[PDB]
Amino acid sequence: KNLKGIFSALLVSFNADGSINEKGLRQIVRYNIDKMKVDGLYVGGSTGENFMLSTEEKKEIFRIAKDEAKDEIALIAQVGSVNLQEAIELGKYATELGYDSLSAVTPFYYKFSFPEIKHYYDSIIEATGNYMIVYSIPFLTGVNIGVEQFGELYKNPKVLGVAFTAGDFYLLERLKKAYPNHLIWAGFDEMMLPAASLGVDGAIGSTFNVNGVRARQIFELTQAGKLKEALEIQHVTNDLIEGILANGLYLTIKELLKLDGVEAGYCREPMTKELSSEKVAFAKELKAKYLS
């Protein structure tokens, strides 16, 4: 499949006790495919609360997402972990499920050297035989990969490019300049327009599973050169995103899904599991102003 364009970073529905709610998770997937009209899903990312889950849970989410989506859309499986043996086990499972590409966060917590980082990517690829997308998220991992280092990663022909949840647009431009055949997916939804202006190939975003219509319009208008209109739509989206961030990101996207009848459920502990009354009321105001 084509891996360009708009990918929601899939949110997962949890029950009160923190178990996966399969019915809810399917409604989320269905909603992204049918109503947000995404090109694909990025499953197991930070937005899916992935790092708070067990390996078996992560497998269940991969299985459920793929069974619901089938081949209607492109699917990318984020399998990265500080535990390389887990990342390999997950990448094999996702590959056998038919995921179109793997993705892996740079290994974190410990301060890994660049050679260790590369060996981690190469090891997942060798064990799975699947494509790989580097998942770069410096504001969470503390890891900053430079132009020449991405090029060493790109010496492995199964590495397709980078899910770039980073805000350095000089680095962004330089990666496009040096590796014009490798892909970049912008990761910060509130900076989609300036990333689109630099020729990114698509975007992966949490807010796309409620705002995926505007997200597509910004992306398409910008790359068609209609910046005045793309900018307008970016301004309204950033009103919504500022609202969502203030109110509590994952819970608030989930609340916005609930207001459209998607049983998007609780967040997983240790995240706060549920919005207070006041925050529910604020999310309803966001819905009325921006998504109704």
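Sequential numbering from 1, following the sequence displayed.
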Stretch with the higher entry mean CA B-factor, where the candidates are 66 to 74 and 261 to 269
66 to 74
Selected stretch [higher average CA B-factor]: 107 to 115 or 94 to 102:
94 to 102
Which has the highest CA B-factor per the PDB entry: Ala178, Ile137, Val134, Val79?
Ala178
Check the PDB entry and point out which of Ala163, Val143, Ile218, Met191 has the largest C-alpha temperature factor.
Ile218
Ordered by C-alpha B-factor within the chain, which third holds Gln223? Give me lowest, middle or highest, please.
highest
Sorting the chain's modelled residues by C-alpha B-factor and splitting them into thirds places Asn83 in the lowest
Hey, what third does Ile28 fall into on Cα B-factor, ranked over its chain?
middle
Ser123's Cα B-factor: lowest, middle or highest third of the chain?
middle
Relative C-alpha B-factor of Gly199, binned into the chain's lowest, middle or highest third:
highest
